[PDB]
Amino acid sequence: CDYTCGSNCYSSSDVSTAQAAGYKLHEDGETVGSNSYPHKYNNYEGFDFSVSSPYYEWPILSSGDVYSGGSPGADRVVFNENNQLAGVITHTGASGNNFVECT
């Protein structure tokens, strides 16, 4: 696993595929789903990402398919304005409604 979000195993290609879809919607000024993804990720957690902000979050699914406006699940891909990967985060293993980084 390139990224492990709890029990979910993601390859660098799974991440790139998810990021490409979120980035396209972001550039178009459109959102999908009840929680309006992609949307700004403020970094309340204070992760030390090595790429510049603003950051946007988009769901990454354990099933392998691109988020299509339904349930977002626990996992997210975080990218910036230049389509650079900031990180992969999850609610799994975090307290409250916070996120932890996938390893």
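We call the rigid core the largest set of C-alpha positions that still match within 1.5 Å between the two forms. Residue numbers here begin at 1 and follow the sequence given.
Comparing the two stretches 6-14 and 89-97 by root mean square C-alpha distance in 4 other deposited structures of this protein, with all structures fitted on the core, the more displaced one is 89-97. Superposing each structure in 4 other deposited structures of this protein on the rigid core shows that the farther-lying of 54-62 and 40-48, by root-mean-square Cα distance, is 40-48. Looking at mean Cα B-factors across 72-80 and 29-37, the upper value is held by 29-37. For the pair 13-21 and 81-89, the mean B factor over Cα atoms is greater in 13-21. For the set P59, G46, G64, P54, the maximum C-alpha B-factor listed in the entry falls on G64.
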